[PDB]
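Undergrad: Opening piece of the complex, as it sits:
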Amino acid sequence: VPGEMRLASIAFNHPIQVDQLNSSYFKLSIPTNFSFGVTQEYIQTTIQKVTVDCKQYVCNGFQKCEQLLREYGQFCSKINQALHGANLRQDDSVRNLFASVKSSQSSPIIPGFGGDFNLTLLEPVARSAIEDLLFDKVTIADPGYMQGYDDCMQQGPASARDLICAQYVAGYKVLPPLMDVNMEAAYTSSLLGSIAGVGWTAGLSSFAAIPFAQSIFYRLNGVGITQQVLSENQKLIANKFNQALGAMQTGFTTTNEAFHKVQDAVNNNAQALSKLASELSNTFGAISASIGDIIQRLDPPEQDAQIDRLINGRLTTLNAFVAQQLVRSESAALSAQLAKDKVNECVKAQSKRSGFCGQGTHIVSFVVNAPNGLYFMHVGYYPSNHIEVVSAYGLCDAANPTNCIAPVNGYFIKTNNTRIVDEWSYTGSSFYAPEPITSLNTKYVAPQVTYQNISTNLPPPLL
Amino acid sequence: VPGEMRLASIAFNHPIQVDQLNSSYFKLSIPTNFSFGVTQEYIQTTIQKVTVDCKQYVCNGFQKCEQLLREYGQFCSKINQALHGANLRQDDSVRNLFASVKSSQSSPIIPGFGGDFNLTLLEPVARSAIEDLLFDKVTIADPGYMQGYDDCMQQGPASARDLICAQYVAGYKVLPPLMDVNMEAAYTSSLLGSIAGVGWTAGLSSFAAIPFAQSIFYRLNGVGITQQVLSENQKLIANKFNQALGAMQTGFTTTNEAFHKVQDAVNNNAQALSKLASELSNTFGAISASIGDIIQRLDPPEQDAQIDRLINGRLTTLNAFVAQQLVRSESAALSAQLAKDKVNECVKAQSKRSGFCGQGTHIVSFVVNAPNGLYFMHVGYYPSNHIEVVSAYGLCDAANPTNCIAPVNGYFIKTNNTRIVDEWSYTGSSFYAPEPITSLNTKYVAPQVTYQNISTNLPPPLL
């Protein structure tokens, strides 16, 4: 068998140290081998909706209780009103969210979408392969509605143990979801067809309708990778992208934090209902947990007193339950607002913000349905194999001090490339690759003391 | 009389389907008939401030309960401290918000503002016509302060039924608002005068001071509508804008969700006070709801026990009340932070973020005072009558492969206009209208395989 535990220190990973330099030039760290990757998150948008038949919960048709309960009948009226208002708010947060995920227009979805990109998210023309993995990995009890109640009833297996049948004993009712899973699938298929792309200016009006692969190349050029590299590596890029998505088939375990959050959203709903069920057997110092039995065993002067003790504790449990539901309903509404913002930023557009997706710039992201919420996947770009190079703040003509230039979305580096005879070269900011300096890569700027003086050859201006 | 209800399915509005195409050109969907519209929202910023004279609430100065209450005197001390801290936080959230809505500089406000734009938001040089509609549609009780307490008194009408006079029986006090409605009006008039403008870079230093109509045209050119169209349609644009604003006179009904939220902010405050009032008559199994009566009817050994039971339930109600106020105060503070961000994004600038405001890009928005909060109006742009056209990724010179161009904030489309002899034409991204391709509408780009090759005539470069 295994031995002793080992005490250990938590490692601190040190950042790569780039030397600070003085003077007119500086050291630059730039990646040479990017790799795609994916991150995931779960954002809850709703609370399961519940109502309670307060009269039935407190007693079960006993007439002595009904007479006694009338003195407290206004408590149940407050309980029902509070739950009803909570359920109305859950319905409104759902409709508000779906009104913004919808696009005015989209591409039709067909097989072979994305060319060389694999794209397993396509509907099985349904839900999706990924949504099916989420619903199958989750341990949630099979839903009611259909057939529902006849799985409570003796016309079924002796092994049913569903809390859902216990709803018809306890007076609970779980309300059906507002949207219907088929419409929910249609709303996220509309988002999938809006991709490719959100570029070309705003994108709230016109719809570009271009191939998915083309929109990816624009997003890669939007993070400072030069176009020359993108044309050379197109098949390589497609393969790395597919490998990043291939890992999604193994990602649905509880070690994946996003998946774990989905599982605990389900657990919280189940626990809230089970608490009410356990309290049906909880005496409050009353002689018995059953009202029919406590009536059967007692003379009426004592009987009424015992029942009132029992009624008051049952009402107190319902009041605590309502307060808990009101808190949870509010947090879900706020969480749904966060989801709405990510659909209108991270899904419908490339994001320049950092801090909001995977930590690798941003490139296209996708969203799928999950229990009680939305599940996001974010493709991202991860740098590796950084090298340090010499770089200059800008370049100027030594014969004419007013002609000066500075790179656009990239840097001027001392050349280390055998193809380029020019002393300086241009590179992308997300990927290292030299290129000749030309007017397409530069802008004219006011002169500055740190700019290098070029004694001879500069192509922009040639003179 | 009316018949049976009808079962129906919820409609799913399908997105316009734009065909996906392969090869070097693509189908483009673009609107041909924009229309202005408005959306609205209410963001609460405060909770009505309340304090409670805990000694007076529990008992009415009868001396037997005063002696008994001293054993519990520390509960009231905790109650007063908790409410006091909640009220201080409400005052700080207000001052923090108003410190950011203020502008260092603004235009004076005069009649005829906006030229042909109607501008019913102008102050009646006061509050505003819109604020008056909002405050009059709301059913809130007339405020205290002046004369206040003398409307409790017999020197007034027999028909008063105000809960505000009941404050002087129950020991409640509603504290006055921190700002004074006149200063609040001055803060939002300053925001109205900061419009025109927000553009021209910065706007965190210099103040453009240009006509409102001019700032609108810059915002319309900021969403990809070409300047040529804007000059042709100036009167048409003014009329559509005015129609969108004219609908605000009919917008104040409970079917308008934003208005409904204003009404329920008022209802929540009224209900919180009414709960304490109803509990004054609530016995806790005590012989009577009145302490003076229960003293009158009892020998002192029993009398003290009955009063103690009554006191404990009254303290419990106050404790629950304080907890409720602390929760509401916190949610209002968070809501006020959201309002602060919208004033510093959606009011003081055009927004590029989509998803926030009305769902139609963004153009100028306005804000007015509302009970316990701010009420926003967002003008937006809604596309209609979309048509599909042929478009190209870019153009190049067939005689010289290094000459390649791509459109700026627009698209190259095959010409369908009899006015233009050129094979290709430029259009805006928010509105369809062809124009000749000129250097103002293009940028030079690196060559790409999908660009069309032009056998003859291109003006940028001519060669």
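TA: Yep, it's here. Numbers count the residues shown, from 1 in each chain, chains lettered A, B, ... in the order given.
Undergrad: rest of the way, CA atoms for contacts and neighbours
TA: Fine.
Undergrad: and the stretch 301-450 of chain A, which residues reach chain B?
TA: Contact residues, the stretch 301-450 of chain A versus chain B (C-alpha under 8 Å from any C-alpha of the partner chain): A:340, A:341, A:344, A:345, A:440.
Undergrad: Inside helices: which ones of those?
TA: A:340, A:341 (DSSP state H).
Undergrad: Top of the residues of the stretch 301-450 of chain A next to chain B by number of neighbours, please.
TA: With neighbours taken as other C-alpha atoms under 10 Å in any protein chain shown, the top of those is residue A:340, carrying 21 neighbours.
Undergrad: My guess is that one contacts residue A:99. True?
TA: No - with contacts counted by C-alpha atoms under 8 Å, residue A:340 stays clear of residue A:99, the gap being 9.8 Å.
Undergrad: Show me the strands in the stretch 151-300 of chain A, by range?
TA: A:172-174 (DSSP state E, counting those that start in this stretch).
Undergrad: Helices of that one, residue ranges please.
TA: Shown for the stretch 151-300 of chain A, the helices assigned by DSSP state H, counting those that start in this stretch span residues A:163-170, A:181-194, A:212-221, A:227-232, A:234-246, A:257-278, A:291-296, A:300-342.
Undergrad: looking at the ones you listed, which is closest to residue B:142?
TA: helix A:300-342 (30.7 Å; C-alpha to C-alpha).
Undergrad: throw chain C onto that model:
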Amino acid sequence: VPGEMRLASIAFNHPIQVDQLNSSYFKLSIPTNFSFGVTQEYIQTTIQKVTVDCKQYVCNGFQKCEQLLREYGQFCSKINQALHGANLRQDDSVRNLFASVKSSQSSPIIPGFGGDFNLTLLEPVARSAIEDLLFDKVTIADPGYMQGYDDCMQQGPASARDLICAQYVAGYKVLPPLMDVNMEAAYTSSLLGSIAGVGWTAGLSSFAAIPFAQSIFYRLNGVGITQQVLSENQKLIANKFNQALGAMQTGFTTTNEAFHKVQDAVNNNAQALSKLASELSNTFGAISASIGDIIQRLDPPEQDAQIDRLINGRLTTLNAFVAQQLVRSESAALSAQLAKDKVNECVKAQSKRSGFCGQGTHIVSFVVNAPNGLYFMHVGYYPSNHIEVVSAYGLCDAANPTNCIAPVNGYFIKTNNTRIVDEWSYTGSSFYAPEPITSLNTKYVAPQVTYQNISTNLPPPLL
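TA: Okay, here's chain C dropped in alongside the others:
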């Protein structure tokens, strides 16, 4: 002695009024004397972690109570589980935050950093001079851990009064922080070395590694101050910046709101523990607060009843305590999410938003550790001495109506400078200073009716 209080009206500071003008030109307000300043804020990220020894808080190992308590043993099991889940969430919010503050690379930190900038934030190669001021000004009790418990013991001073050693009487345990102070210091030193700068596009891959002073000049040119001014005033700029930072040595008083919030984060933690301690002496109508004494004085038929009354109230206090902790834990998690966004926007980049940070555009910000959270400092730019000048929407050649220009990141103003013979001049949008109009400061635009017609001399185009 002092006299009577004085009633006063709250002042309303009126905005500077810039006159609205019609026609082809307009009045412009622009600052002439900028000054640096700072603001600060405290964002809490955690709740102190606490656990409570069930089979301890209720009774102190008395055997009569142990037998009685077993009937309620499931309450303590629920209490421990709830606290344990709250503590796990606090640990995850911390690890999530630190995973994003880290940079892949940084400059080494050396003395003399920033050239002429003073930068007292540098580590005393440790924590930092500012962090030490925060920890010393705060009144929080000395932590335990090491030695800890041996300061509870008689092997120590008679004057200890720590609530921390009262933990070992009451059964409380305060858990140690997850990260250690040294690793936390290392994470914020990594942020300090990532500055200078987040410009040059991207910055999510390559690392510029340039002097701090150079990155400041790029940020100043990013707010519309022209480069010509920046080179002339470099020493002046450094002095004004240092004065703004020098004020931080006097800013740690309770009149500073951000500092006050740090102090009350500490006070809330201390109060939560003190509440449980005070309840140990609170009888619930039981004959005594001590179980050993109530056993000593009573025959067992009465003794058990008295102890049960005492147990029930003690469990109720623990239940209320747990509910309070769950609420606070949630608000801290949301607050930590806000901190994460500011580190990935306001610290790692210049921000164009306004809103966040001090109200003066944005320039570099810094972050340091504070008890239970992060303390941010934001350097900002404050305009002063505004003057009004004549300005034009644009310029065109009167001899050739198709040649029209408009300023980039600045304005065209009528010249008021004796140095410039040209009728019009260019100025920055954040600072007033005339310059000749040249192609570097302009862009070509479509013609418009409000542009001025120049009869003779324009350099861009010369013709």
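Undergrad: Can you pull the residues of the stretch 351-463 of chain A lying near chain C?
TA: Checking the stretch 351-463 of chain A against chain C by C-alpha under 8 Å from any C-alpha, the hits are A:353-355, A:359-361, A:383, A:409-410, A:429-430, A:444-446.
Undergrad: Just the buried subset of those, please.
TA: Buried subset of these (neighbour count, 16 or more other C-alpha atoms under 10 Å in any protein chain shown): A:354-355, A:359-361, A:383, A:409-410, A:429-430, A:444-446.
Undergrad: Let me know whether my guess that residue A:66 is in a strand holds.
TA: No - per DSSP: H, G, I helix; E, B strand; the rest coil, residue A:66 lies outside any strand segment and is helix.
Undergrad: Show the contacting residues for the residue lying closest to residue A:34 once chain neighbours are set aside.
TA: Of all residues not flanking residue A:34 in the chain, residue A:383 sits nearest, at 4.5 Å (C-alpha to C-alpha, 6 or more residues apart in numbering or on different chains). Listed by C-alpha atoms under 8 Å, 6 or more residues apart in numbering or on different chains, the contact partners of residue A:383 are A:31, A:32, A:33, A:34, A:35, A:360, A:430, C:205.
Undergrad: In JSON lines: the residues you listed, plus secondary structure.
TA: Listed next are those as JSON lines, based on three-state DSSP:
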{"residue": "A:31", "secondary structure": "coil"}
{"residue": "A:32", "secondary structure": "coil"}
{"residue": "A:33", "secondary structure": "coil"}
{"residue": "A:34", "secondary structure": "coil"}
{"residue": "A:35", "secondary structure": "strand"}
{"residue": "A:360", "secondary structure": "coil"}
{"residue": "A:430", "secondary structure": "coil"}
{"residue": "C:205", "secondary structure": "coil"}
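Undergrad: The following sequence is to be added as chain D:
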Amino acid sequence: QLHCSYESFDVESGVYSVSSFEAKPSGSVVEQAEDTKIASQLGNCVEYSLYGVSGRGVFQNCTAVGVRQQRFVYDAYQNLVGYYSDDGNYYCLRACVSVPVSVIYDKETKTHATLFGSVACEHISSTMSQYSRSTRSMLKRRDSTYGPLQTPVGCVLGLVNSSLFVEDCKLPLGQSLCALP
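TA: Chain D goes in next, on the same frame as the chains above:
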């Protein structure tokens, strides 16, 4: 009931829960060796007594779970789960089931309709033998002429199958169902 809970003569339109139908008792079943013919009766909702244990519920013939000769099988919440009869057969006990009820109220036309939840229309009839409250006759003013209608959410009364498509009924029944006025 709805009007009394809101203390008003004009309740806002919506879908509202109302108290559920209970169970309906059936004649007793008793076992206690030491009268006929009530030894078994599978079964609906017959009150019972088993060696002094009593309750009301439905019995079903089932498998055999451990342990035999302890006679009474229970769950973790101490609900009786099943029983060993002296005829040598294990039977299981499901207590009884109930029908949740809610109503659709249209304040503008002052009309209403109802929903029985997931119960299914095979257990629904024109009159009830349960019960809940003394009448449902206002529904019957139209529903004396119609069969119950099954829907994906559940069986309903006075709904009519119009097969219309509408964006918002202001009375959704959940799912894609919608209650047009």
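Undergrad: Number of residues surrounding residue D:170?
TA: Using other C-alpha under 10 Å, residue D:170 has 14 other residues around it.
Undergrad: buried ones in stretch A:160-178?
TA: A:163-178.
Undergrad: ok, and what's touching stretch A:409-416?
TA: A:224, A:389-394, A:406, A:422-429, A:434, A:441, C:200-202.
Undergrad: tell me the residue furthest from the middle of the chain?
TA: Picked chain A for this. residue A:299 (61.0 Å; C-alpha atoms, centre = their mean).
Undergrad: Switch to chain D, please.
TA: residue D:34 (37.0 Å).
Undergrad: ok so, going back, what is the most widely separated pair among the buried residues of stretch A:160-178?
TA: Greatest spatial distance among the buried residues of stretch A:160-178 (C-alpha to C-alpha): A:169 and A:178, at 24.7 Å.
Undergrad: Any residues of the stretch 51-200 of chain A in contact with chain D? List them.
TA: A:51, A:53, A:55-56, A:60-61, A:74, A:77, A:84, A:144-150, A:152-154, A:158, A:168-169, A:171, A:173, A:175-181, A:183.
Undergrad: Kindly report the same for the stretch 201-350 of chain A.
TA: Counting by C-alpha under 8 Å from any C-alpha, the stretch 201-350 of chain A sits next to chain D at A:278, A:281.
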